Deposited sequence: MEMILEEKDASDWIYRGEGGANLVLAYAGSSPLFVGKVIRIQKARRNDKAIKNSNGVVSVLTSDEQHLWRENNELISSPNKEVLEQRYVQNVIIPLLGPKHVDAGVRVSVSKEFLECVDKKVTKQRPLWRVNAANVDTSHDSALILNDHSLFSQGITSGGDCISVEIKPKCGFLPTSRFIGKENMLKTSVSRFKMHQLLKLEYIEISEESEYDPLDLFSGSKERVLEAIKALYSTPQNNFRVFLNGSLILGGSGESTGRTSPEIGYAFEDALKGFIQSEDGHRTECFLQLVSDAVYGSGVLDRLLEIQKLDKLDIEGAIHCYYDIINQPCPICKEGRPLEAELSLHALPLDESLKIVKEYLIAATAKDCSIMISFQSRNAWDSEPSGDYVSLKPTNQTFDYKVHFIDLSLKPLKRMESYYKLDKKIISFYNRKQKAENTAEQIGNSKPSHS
């Protein structure tokens, strides 16, 4: 039930977000085999919910009355996200008690494998008594059936806004994806080495070859959006951070890593693998449902921000000295902001697609599979949504400032024709 210090050596680094560090199990305890632990970080940037947050998530009491942030995250996924996405592809993760010594031991144990800039920003919140055990989807099913290749995509937002509330100078937000605009700021802030080739509009397009174009793009410039695992081990993409362009060195390493799984002449494993991922993505149409959650951002931050200030009962700084939104009932305003924060979740979650050579000996042969015509292989696949985090209400402020920043910088750069 409780993870003590000694257990620390059994977990190895897997990756990290901005708010969570993730370790994969390595020991042999039946409880944790094929599981990962998601540990919340203590940001120096920043009870379980603010006074305003209880007001918003009011319709969902199991949420507002949570003991810790771990159960809060659990109940959010379970009570808000599942009903929207389906329980087939989402698991909320079992909670577990952890000791302060365990956490402190883990933090120091992994410090060396972490990106420096990540360490600068946060460590594990050693005040928490809890943590989350999820399944290790770099392993196919629970408990085996031969090697497993899995891909983790962070697709980000795949639609263009359409809001009335987009200002006059900012109307370029209508044409260009937020992702592409944001790339110019990251590159400006020395957050990435070169602009990524990826355009989420291709991935979400519902078009077969635009999906392939996206997967190819992802492979070329993975940054923080593309990872590939072999039996849990990272074989492509950055570890808890963005990575540089796929060089011929990296490309080759990955090309080697795929031996046997994709059954093709040496050198052609990579392009066939990409085809496979593209086919599963498109076939499953699992993106369509996600994009729907995303499109719950009906009004865009420039619209929704006005509602936020009505929620937190403060004079809206964004209107100086719109009738439309500020005349809405409190009820309607809460809906808008809630759904914005849900969309937010959806825009930052990641997909895991686990592959495995079709096992003819299954008790119930899977519904979902991809036939690889050229290599004569059939692969079974599963899709799962991960990193489904509740976004904190106060963030509404920083969302607006950030967006304003992106769109001004993009306009600024364009004005140099």
- Note on the structure: Unmodelled spans of the deposited chain sequence come out as 1 to 2, 49 to 58, 156 to 157, 336 to 341, 438 to 451
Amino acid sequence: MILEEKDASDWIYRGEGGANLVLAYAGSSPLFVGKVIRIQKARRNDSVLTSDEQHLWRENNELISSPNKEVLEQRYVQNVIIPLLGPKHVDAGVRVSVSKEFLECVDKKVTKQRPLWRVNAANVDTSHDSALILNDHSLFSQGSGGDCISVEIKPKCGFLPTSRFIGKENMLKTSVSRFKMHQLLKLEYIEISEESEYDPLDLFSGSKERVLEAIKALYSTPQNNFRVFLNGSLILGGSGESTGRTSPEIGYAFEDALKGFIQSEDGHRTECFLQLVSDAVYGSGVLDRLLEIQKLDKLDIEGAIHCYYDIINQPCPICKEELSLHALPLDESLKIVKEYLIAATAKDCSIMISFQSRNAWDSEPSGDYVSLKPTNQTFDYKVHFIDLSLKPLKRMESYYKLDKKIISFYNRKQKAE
From here on, numbers count along this sequence of modelled residues.
- Message: I want to check something about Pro365: across the other compared entries that model its neighbours, is it left unbuilt in at least a third?
- Response: yes
- Query: Would you say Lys320 goes unmodelled in a third or more of the other compared entries?
  - Reply: yes
- Entry-level comparison of average CA B-factors, 296 to 304 and 67 to 75, reporting the higher stretch: 67 to 75
- Item | Mean temperature factor over C-alpha atoms, higher-scoring stretch between 383 to 391 and 367 to 375 | 367 to 375
- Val286, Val110, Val211, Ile153, ranked by C-alpha B-factor: the highest one: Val110
- Among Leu172, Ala253, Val119, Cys148 - the residue whose C-alpha B-factor is largest in the record: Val119
- Item | Within-chain third of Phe140 by Cα B-factor, per the entry | middle
- Using the B-factor values recorded in the entry, state whether the Cα atom of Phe204 falls in the lowest, middle or highest third among the modelled residues of its chain. lowest
- Relative to the other modelled residues of the same chain, rank the CA B-factor of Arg245 and answer lowest, middle or highest third. middle
- Note on the structure: Binned into thirds over the chain's modelled residues, the C-alpha B-factor of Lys186 lands in the lowest
- Query: Taking the entry's C-alpha B-factors for this chain, is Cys349 in the lowest, middle or highest third?
  - Reply: lowest
